[PDB]
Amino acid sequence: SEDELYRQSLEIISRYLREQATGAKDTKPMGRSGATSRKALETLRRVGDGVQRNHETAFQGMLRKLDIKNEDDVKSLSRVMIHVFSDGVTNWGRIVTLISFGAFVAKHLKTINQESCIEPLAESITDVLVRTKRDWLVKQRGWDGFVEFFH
C-alpha cells in the first residue's frame, strides 16, 4: 500500500458507512491529510444524508430488489455497482450517489444484525471508485476537489 488515494478513500467511505449504520462518530485519528479527510467526511454527511432523504423510495426500491441477507449478497452488490457505476459517466453527483447508497445498505445491514458486512461493503465501494475512476479522481485533485466542489 504505496497508494495514498486508496487509503484516504477507504478511510472516508469506511467511516461514513460505519457512523450511518450505528449513529456513533468514530474517534480514531485520521492519517496523512486528516484536514482534507475531516472536511470530506463533513461534506459527505451533509450531501449523502440529503441524497438518502430525497431519494428514499428509489433507494428502498433498489435495496428490496437486491434482497441483501449476508456476505454472499454484499459480494454480488459489488458486481452491480461496477456495471451501474463504472459503465455510466463520471462526476461527484454519481460518486456521492454510490457512497450514499452504500450508507443506506449499511443501515440495512445493522437492521438485520449483519454489522460484520459493513467493512467489506466499504472496501468494495472504495475498490469500485478508485479502481474504475483513478485518472478522473487524480485530475479532480481527489478529496480536495470533492471538498471544493460542494463549497
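Residues carry their position along the shown sequence, with the first being 1. In this text, rigid core is short for the largest set of C-alphas that superpose within 1.5 Å between two forms.
Segment of greater CA departure in 8 other deposited structures of this protein, 91-99 or 61-69, core superposed: Farther from the shown form on average in 8 other deposited structures of this protein: 61-69.
Tell me which stretch, 96-104 or 65-73, has the higher mean Cα B-factor listed in the entry. Comparing 65-73 with 96-104, the higher mean C-alpha B-factor belongs to 65-73.
Per the entry, higher mean C-alpha B factor between 29-37 and 109-117: Stretch with the greater average CA B-factor: 29-37.
Given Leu129, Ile12, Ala24, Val138, identify the residue with the highest C-alpha B factor in the PDB entry. In this record, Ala24 carries the highest C-alpha B-factor of the candidates.
Can you tell me whether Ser124 has a C-alpha B-factor in the lowest, middle or highest third compared with the other modelled residues of the same chain? For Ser124, the deposited C-alpha B-factor lands in the middle third.
B-factor third for the C-alpha atom of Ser86 within its chain: Within its chain, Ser86 is a highest-third residue by C-alpha B-factor, going by the deposited values.
For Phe150, return the chain-relative third of its C-alpha B-factor as stated in the PDB record: lowest, middle or highest. According to the entry, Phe150 has a C-alpha B-factor in the chain's highest third.
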